[PDB]
Amino acid sequence: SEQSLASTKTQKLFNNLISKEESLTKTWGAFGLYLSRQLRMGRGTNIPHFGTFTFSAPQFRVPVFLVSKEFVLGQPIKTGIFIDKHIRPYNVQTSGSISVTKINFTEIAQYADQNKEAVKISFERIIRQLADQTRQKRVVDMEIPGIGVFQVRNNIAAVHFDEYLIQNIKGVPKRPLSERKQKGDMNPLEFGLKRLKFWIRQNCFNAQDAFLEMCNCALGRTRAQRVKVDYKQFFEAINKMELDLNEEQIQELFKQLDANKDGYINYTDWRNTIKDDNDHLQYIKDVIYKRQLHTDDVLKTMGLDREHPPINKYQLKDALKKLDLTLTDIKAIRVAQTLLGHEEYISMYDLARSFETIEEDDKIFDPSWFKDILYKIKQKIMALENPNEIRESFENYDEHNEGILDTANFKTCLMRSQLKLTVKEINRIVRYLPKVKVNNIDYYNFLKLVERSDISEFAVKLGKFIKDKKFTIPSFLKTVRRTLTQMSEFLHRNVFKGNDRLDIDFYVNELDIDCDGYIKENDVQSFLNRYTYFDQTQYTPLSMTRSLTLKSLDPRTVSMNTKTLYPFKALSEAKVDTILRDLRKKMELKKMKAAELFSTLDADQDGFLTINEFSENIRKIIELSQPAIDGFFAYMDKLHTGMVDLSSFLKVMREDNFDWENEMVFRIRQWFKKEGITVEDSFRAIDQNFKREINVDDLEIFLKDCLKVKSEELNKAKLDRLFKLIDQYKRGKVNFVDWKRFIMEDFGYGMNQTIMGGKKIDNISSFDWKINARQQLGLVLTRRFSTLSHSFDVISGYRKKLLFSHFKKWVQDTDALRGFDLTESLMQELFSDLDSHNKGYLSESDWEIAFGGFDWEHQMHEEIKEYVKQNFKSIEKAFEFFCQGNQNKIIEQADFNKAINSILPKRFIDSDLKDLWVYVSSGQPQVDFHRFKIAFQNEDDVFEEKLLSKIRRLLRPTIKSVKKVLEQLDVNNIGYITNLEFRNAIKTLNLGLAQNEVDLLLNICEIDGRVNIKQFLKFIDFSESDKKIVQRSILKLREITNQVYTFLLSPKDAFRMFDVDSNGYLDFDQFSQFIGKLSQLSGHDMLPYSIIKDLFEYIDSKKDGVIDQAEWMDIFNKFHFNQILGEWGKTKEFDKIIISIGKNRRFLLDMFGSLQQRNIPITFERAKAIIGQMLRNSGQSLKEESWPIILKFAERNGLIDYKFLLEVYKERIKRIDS
């Protein structure tokens, strides 16, 4: 144990610490070797202050270590012994005359290669340290090298010796000395100034005119040149000058104007304060001010936006000429020069600041009010109860689903929404939305902008990366090549530098549609064209054979299923009707028929419709948004197979499933739960003809009888479908392996490698009929063609694309789907399943990926070796059986062929057998064992339930009636019997029950100290399933017993004869020769192996591996006149009568010769009367019905030839005696 080693290292560490180890280690090892030697010697080892090692008292003797009373002073330590993981005390004070020697320190010294005194000192250190522990530890365990662990617990001590040592020393104390010896050898102012200037420019007054003007306003019409204005006159003027200035602005303006600070504004101060700036720049500024133009409107009028890069003088004058239509180029250049100053470029912020435009208030997210309103609309949208209400209203107002609405309708939808948008905000938004078709707006673009790292971004970036540098898809593939890993590395190094290579793999695994590990042109095409639908995995209809959603798990080689692109969401019926009405009226205007549209939509003329082709084609008639087209496409494809054919598109223009079969699979699995019978028994429960094969007849019988399925619901088609679902190996007949794997296999562990020939796909049931049909397809292809390329070419008819017509024609004239009976829709979905990229056609690579993993020769091989492994205990018994008893232990072609034909009838033809020989022998004319090995490598309630089941099994062959015995021990017919007579009755039944379980039955049936009978009989019986099993075996057994009677006379005599070893028990080999002899004599065929083993298990009711005389009788006792004949056969009276007949042979010789000499024929009556008289003379009486067995066989032509009977009886005795 680890604790013992830890304690030993603890002792060593303490010793090392005290010293501050090798000596002590070597000393302990040497002492252990010495103890091992002496224990092998059989001599006791007495060591002072330890105790003595000795063997136990007898008989064999177990080593026992006695602890000395001086091992620990003051604390009594008792002598104990270890047994059964436990340590028990020992109370033997005598050594049983076992000579005991003292410890030899010189021997231990020479073993340890150290000084004898040193070894003694170390060993004494060991004893003292052990004693100190035992004083301080209640529990002590210490190991001895080559002996075991010295264990202490609760003041009880013993040593856990080595088990191998114990077996070795067993029997030593009785052998001579030499053998022991051999065994033991181990060799404000600014604003006011602006307002005053604004007026001065407004009324076109210069300094003179403006001065005279406000002088007139403040002081009336005056003509004096020298006019001075004080603060009060200036204020009343401001009131009369409507400058909209408050008192503070007025005071600041007056203070600034009064340059001399004399309290009066003379004309000198006003020339000093304001200068004539008659420039068009101030004109434009005044225009912006009076019209109250916002900044962004002015910018867009000039042709520039907030994000426009800095502009030079040329773009500046162009924008200015855009702003003012009347301005000339020279004036615009002057204005641009003034604006720029000494800078080559003017920033747009500088331009806006200089223009003194109006900035919008309450900006939160972006200086542009357009993005501000977009963000506010967004926040309200996810603040809605339904964020999708706006798009629903937009679609409702779009009667044609064009995605396009005029200004009026888009306006109306804007007002009618809850967005709480003002009319001014609403009409401001529209003016900057792009206008398609003059007066129409695409609201999907608006929704995308308002809404505005994943698979979509990765696909878009990859597409742009491909497009920018002008590479076609094969050119891109070749450039990358200059597999998944290379693609990932190239993407990480050339495109997505900012993403981790792990994320690059995370995207490339989605780039691999076909999941073969290789990215071809089709993968890139599908990924670029239909990437948008990678997030509709929540809408696939879960056929519960396939469960849950599973992602790209970054497979090593173990791949997964496909949850990928499709437009699965569908429009509702009313809107589909509206769209159909519109499209049909446009077609009627076009005068273009339905089937004409159907052919026209099919661009590639393949007979089907795909989402890419439809989306690119239907838009050429009616403008439809992506959601509308996708939904109507989903509505058409009720099969959801990725294609829409002529018929379904007619029907939309104008099913069936497999839930029942898998549901029955679950129900059958549940019904197995209650039974408790084994897999072999439940397999026997179906095959009622012992045919080992559950054909359609056997399956339907089991279905309608047990499962109580209505006969109206069972037709050939679905029964064949269920049978094909069961049949793993597609053999048209279900053996033991087939049904066993049907019942046992788990759904979610990917055991379907055995089906798909090594290819693994997880979370897909092996029992899905799609995969079974694929397996049948692959096996037929491998059987009827050489190379998959050749098969692809011939099926495709030397074409590059395989259409649905070619495939259905080939399966029809090939009968490859016989037994599945798939309908047209089912064939369409199968062809869809074969198409991984949903292109509507299969390429050569598709064919190879779909069927490359199947090999009928290989499949043949693993099926054969699986059968061999399961049905033979070892490879040796197998090889011996296939040797057919050959004395050279080498299997020639004929022997192996015969073995294969017998073991698996009708599986193979001569060519298959020759191929088997070629495969197994590797071209050698003979096969040996090495080649064969290589080629073929309350709890009580359940306890009583088990015991009752065992007793029901054991009472099957007992001919004695339990009721009869129970009544015979019930004298008064009261119905209660006490324990003693119940025990005697159970013994009389001779059920071989051990005392513990008969006491268990006593506990079961104990009521007030008595056992009750009627309810006991009610409790133990035969179940319906057991009765059905029992009824099955008579007919085979009845004819076997018929042959035994006719040829082997009686079963008892045949049992005696074939018990060659004379142990009273038969193995399976003697039984094999039993059927061999019976078939040879009877002229019937050799019964093959599995029927033989099943009959052997039926006869062997004890499961002990052998058949005794009792079971041999009881099984054969089951087949009134014949019943009593079988009864008397098992009796001691039968053999006693034979012996009494045979002991007097000479008497019958003389008597029969005397009758013959008197010309008296020996008929039946005379012989029977004489034998009865002889039996009466010996005190034996015989029943009249039991005469024939004694006499019928020896009769020839109606006469009894005595010599034949006498000789066979003599042989009978000669066999019986031994």
# chains A, B, ... in the order shown; residues from 1 in each chain; ligands from 1

$ residues_around --residues "stretch 1043-1045 of chain A" --least-positions-apart "4" --cutoff "12 Å" --atoms "only C-alpha atoms" --output "ChimeraX atom specification"
/A:1036-1039,1049-1055,1074-1075,1077-1084,1116,1119,1122,1125-1126,1129,1188-1189,1192-1193

$ write_last_selection --atoms "N, CA, C and O atoms" --output "compact mmCIF listing (two decimals), in the first residue's frame"
# COMPACT_ATOMS: atom_id res chain seq x y z
N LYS A 1036 -39.23 -30.47 -33.84
CA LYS A 1036 -37.85 -30.88 -34.07
C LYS A 1036 -37.49 -32.03 -33.13
O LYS A 1036 -36.99 -33.07 -33.56
N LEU A 1037 -37.80 -31.85 -31.84
CA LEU A 1037 -37.51 -32.89 -30.86
C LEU A 1037 -38.37 -34.13 -31.09
O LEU A 1037 -37.90 -35.25 -30.83
N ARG A 1038 -39.61 -33.97 -31.56
CA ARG A 1038 -40.42 -35.16 -31.81
C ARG A 1038 -39.81 -36.01 -32.91
O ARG A 1038 -39.71 -37.23 -32.78
N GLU A 1039 -39.34 -35.39 -34.00
CA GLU A 1039 -38.72 -36.21 -35.04
C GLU A 1039 -37.37 -36.75 -34.60
O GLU A 1039 -37.01 -37.87 -34.98
N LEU A 1049 -33.06 -47.32 -30.80
CA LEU A 1049 -33.90 -48.07 -29.87
C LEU A 1049 -34.48 -47.17 -28.78
O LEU A 1049 -35.65 -46.79 -28.85
N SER A 1050 -33.67 -46.82 -27.78
CA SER A 1050 -34.14 -46.00 -26.68
C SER A 1050 -33.14 -44.89 -26.41
O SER A 1050 -31.93 -45.08 -26.62
N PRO A 1051 -33.60 -43.72 -25.96
CA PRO A 1051 -32.66 -42.63 -25.66
C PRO A 1051 -31.66 -42.99 -24.57
O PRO A 1051 -30.52 -42.52 -24.62
N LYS A 1052 -32.07 -43.80 -23.60
CA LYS A 1052 -31.16 -44.19 -22.52
C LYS A 1052 -29.96 -44.96 -23.07
O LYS A 1052 -28.82 -44.71 -22.68
N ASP A 1053 -30.21 -45.89 -24.00
CA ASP A 1053 -29.14 -46.71 -24.54
C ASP A 1053 -28.19 -45.89 -25.41
O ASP A 1053 -26.97 -46.07 -25.36
N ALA A 1054 -28.74 -44.98 -26.22
CA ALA A 1054 -27.89 -44.10 -27.01
C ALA A 1054 -27.06 -43.19 -26.12
O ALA A 1054 -25.88 -42.94 -26.40
N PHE A 1055 -27.66 -42.69 -25.04
CA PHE A 1055 -26.93 -41.87 -24.08
C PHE A 1055 -25.79 -42.66 -23.45
O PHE A 1055 -24.68 -42.14 -23.27
N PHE A 1074 -23.47 -37.10 -31.96
CA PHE A 1074 -24.83 -37.64 -31.87
C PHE A 1074 -25.67 -37.24 -33.08
O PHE A 1074 -26.22 -38.10 -33.78
N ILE A 1075 -25.75 -35.94 -33.35
CA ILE A 1075 -26.51 -35.50 -34.53
C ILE A 1075 -25.85 -36.00 -35.81
O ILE A 1075 -26.54 -36.32 -36.79
N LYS A 1077 -24.26 -38.90 -36.35
CA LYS A 1077 -24.68 -40.28 -36.55
C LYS A 1077 -26.16 -40.36 -36.90
O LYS A 1077 -26.56 -41.14 -37.77
N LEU A 1078 -26.99 -39.56 -36.22
CA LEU A 1078 -28.43 -39.60 -36.49
C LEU A 1078 -28.74 -39.19 -37.92
O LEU A 1078 -29.54 -39.83 -38.60
N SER A 1079 -28.10 -38.12 -38.40
CA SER A 1079 -28.32 -37.67 -39.76
C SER A 1079 -27.77 -38.66 -40.77
O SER A 1079 -28.37 -38.88 -41.83
N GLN A 1080 -26.62 -39.28 -40.46
CA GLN A 1080 -26.05 -40.26 -41.37
C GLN A 1080 -26.97 -41.47 -41.53
O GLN A 1080 -27.19 -41.96 -42.64
N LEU A 1081 -27.53 -41.96 -40.42
CA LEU A 1081 -28.37 -43.15 -40.49
C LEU A 1081 -29.75 -42.83 -41.05
O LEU A 1081 -30.31 -43.62 -41.82
N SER A 1082 -30.32 -41.68 -40.70
CA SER A 1082 -31.70 -41.37 -41.04
C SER A 1082 -31.88 -40.91 -42.48
O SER A 1082 -33.02 -40.78 -42.94
N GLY A 1083 -30.79 -40.64 -43.20
CA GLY A 1083 -30.90 -40.15 -44.56
C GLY A 1083 -31.24 -38.68 -44.68
O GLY A 1083 -31.48 -38.21 -45.80
N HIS A 1084 -31.28 -37.95 -43.57
CA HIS A 1084 -31.55 -36.52 -43.60
C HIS A 1084 -30.25 -35.74 -43.66
O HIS A 1084 -29.16 -36.28 -43.46
N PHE A 1116 -36.07 -36.07 -23.24
CA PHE A 1116 -36.62 -37.14 -24.06
C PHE A 1116 -37.89 -37.75 -23.46
O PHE A 1116 -38.63 -38.43 -24.18
N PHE A 1119 -41.69 -36.91 -25.07
CA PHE A 1119 -42.21 -37.38 -26.35
C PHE A 1119 -42.25 -38.91 -26.40
O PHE A 1119 -41.95 -39.58 -25.42
N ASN A 1122 -47.17 -43.76 -24.95
CA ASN A 1122 -45.78 -43.34 -25.11
C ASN A 1122 -45.30 -42.55 -23.90
O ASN A 1122 -44.11 -42.60 -23.56
N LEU A 1125 -44.42 -45.06 -21.41
CA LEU A 1125 -43.23 -45.72 -21.93
C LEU A 1125 -41.98 -44.91 -21.61
O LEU A 1125 -40.96 -45.47 -21.17
N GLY A 1126 -42.03 -43.60 -21.82
CA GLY A 1126 -40.93 -42.74 -21.43
C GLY A 1126 -40.76 -42.68 -19.92
O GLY A 1126 -39.64 -42.58 -19.42
N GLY A 1129 -39.01 -45.76 -18.80
CA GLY A 1129 -37.65 -45.83 -19.32
C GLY A 1129 -36.63 -45.24 -18.37
O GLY A 1129 -35.54 -45.79 -18.18
N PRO A 1188 -43.75 -53.56 -25.66
CA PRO A 1188 -43.16 -53.34 -27.00
C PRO A 1188 -41.69 -52.94 -27.00
O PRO A 1188 -40.92 -53.47 -27.81
N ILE A 1189 -41.27 -52.04 -26.11
CA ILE A 1189 -39.87 -51.62 -26.08
C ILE A 1189 -38.96 -52.83 -25.88
O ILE A 1189 -37.89 -52.93 -26.49
N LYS A 1192 -40.56 -55.10 -29.57
CA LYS A 1192 -41.01 -54.76 -30.93
C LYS A 1192 -39.83 -54.70 -31.90
O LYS A 1192 -39.96 -55.12 -33.06
N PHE A 1193 -38.69 -54.18 -31.45
CA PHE A 1193 -37.59 -53.92 -32.37
C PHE A 1193 -37.04 -55.20 -32.99
O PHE A 1193 -36.76 -55.24 -34.19

$ residues_around --residues "residue A:4" --least-positions-apart "6" --cutoff "10 Å" --atoms "only C-alpha atoms" --output "PyMOL selection string"
chain A and resi 10+140-143+149-151

$ write_last_selection --atoms "N, CA and C atoms" --output "PDB file, in the first residue's frame"
ATOM      1  N   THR A  10       9.053   7.777   5.974  1.00  0.00           N
ATOM      2  CA  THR A  10       9.029   8.610   7.172  1.00  0.00           C
ATOM      3  C   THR A  10      10.063   8.137   8.187  1.00  0.00           C
ATOM      4  N   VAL A 140      -0.139   0.489  12.907  1.00  0.00           N
ATOM      5  CA  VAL A 140       1.194   0.496  12.313  1.00  0.00           C
ATOM      6  C   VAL A 140       1.245  -0.555  11.215  1.00  0.00           C
ATOM      7  N   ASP A 141       1.742  -0.164  10.041  1.00  0.00           N
ATOM      8  CA  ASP A 141       2.011  -1.080   8.940  1.00  0.00           C
ATOM      9  C   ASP A 141       3.433  -0.850   8.451  1.00  0.00           C
ATOM     10  N   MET A 142       4.220  -1.922   8.358  1.00  0.00           N
ATOM     11  CA  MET A 142       5.568  -1.828   7.813  1.00  0.00           C
ATOM     12  C   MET A 142       5.870  -3.043   6.952  1.00  0.00           C
ATOM     13  N   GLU A 143       6.527  -2.802   5.822  1.00  0.00           N
ATOM     14  CA  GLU A 143       6.832  -3.838   4.847  1.00  0.00           C
ATOM     15  C   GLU A 143       8.147  -4.532   5.184  1.00  0.00           C
ATOM     16  N   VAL A 149       3.865  -7.111   4.790  1.00  0.00           N
ATOM     17  CA  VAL A 149       3.650  -5.927   5.614  1.00  0.00           C
ATOM     18  C   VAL A 149       3.318  -6.368   7.033  1.00  0.00           C
ATOM     19  N   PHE A 150       4.075  -5.855   8.000  1.00  0.00           N
ATOM     20  CA  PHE A 150       3.797  -6.077   9.414  1.00  0.00           C
ATOM     21  C   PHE A 150       2.748  -5.074   9.880  1.00  0.00           C
ATOM     22  N   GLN A 151       1.548  -5.562  10.188  1.00  0.00           N
ATOM     23  CA  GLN A 151       0.390  -4.713  10.434  1.00  0.00           C
ATOM     24  C   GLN A 151       0.012  -4.718  11.908  1.00  0.00           C
TER      25      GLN A 151
END

$ closest_residue --among "A:387, A:1191, A:464, A:411" --to "residue A:450" --atoms "only C-alpha atoms"
A:387

$ residues_around --residues "residue A:641" --least-positions-apart "2" --cutoff "7 Å" --atoms "only C-alpha atoms" --output "list in words"
residues 637, 639, 643, 829 and 832 of chain A

$ residues_around --residues "residue A:700" --least-positions-apart "4" --cutoff "8 Å" --atoms "only C-alpha atoms" --output "PyMOL selection string"
chain A and resi 696+704+714+719

$ write_last_selection --atoms "N, CA, C and O atoms" --output "PDB file, in the first residue's frame"
ATOM      1  N   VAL A 696     -39.749 -12.241 -43.989  1.00  0.00           N
ATOM      2  CA  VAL A 696     -40.916 -11.372 -43.880  1.00  0.00           C
ATOM      3  C   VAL A 696     -42.056 -12.090 -43.170  1.00  0.00           C
ATOM      4  O   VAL A 696     -42.802 -11.475 -42.399  1.00  0.00           O
ATOM      5  N   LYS A 704     -47.796  -9.171 -35.613  1.00  0.00           N
ATOM      6  CA  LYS A 704     -49.236  -9.224 -35.385  1.00  0.00           C
ATOM      7  C   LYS A 704     -49.576 -10.022 -34.131  1.00  0.00           C
ATOM      8  O   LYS A 704     -50.567  -9.725 -33.455  1.00  0.00           O
ATOM      9  N   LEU A 714     -50.718  -3.700 -42.100  1.00  0.00           N
ATOM     10  CA  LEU A 714     -49.520  -4.393 -42.571  1.00  0.00           C
ATOM     11  C   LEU A 714     -49.699  -4.761 -44.042  1.00  0.00           C
ATOM     12  O   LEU A 714     -50.518  -5.617 -44.384  1.00  0.00           O
ATOM     13  N   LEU A 719     -43.739  -3.568 -44.525  1.00  0.00           N
ATOM     14  CA  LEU A 719     -43.032  -4.686 -43.911  1.00  0.00           C
ATOM     15  C   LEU A 719     -41.670  -4.892 -44.564  1.00  0.00           C
ATOM     16  O   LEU A 719     -40.675  -5.143 -43.874  1.00  0.00           O
TER      17      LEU A 719
END

$ select_by_dssp --residues "stretch 1093-1203 of chain A" --states "strand (DSSP E or B)" --output "PyMOL selection string"
chain A and resi 1107+1195-1196+1199-1200

$ atom_distance --atom1 "atom CA of residue A:536" --atom2 "atom CA of residue A:651"
26.2 Å

$ closest_residue --among "A:471, A:729, A:635, A:267" --to "residue A:212" --atoms "only C-alpha atoms"
A:267

$ atom_distance --atom1 "atom CA of residue A:236" --atom2 "atom CA of residue A:272"
22.9 Å
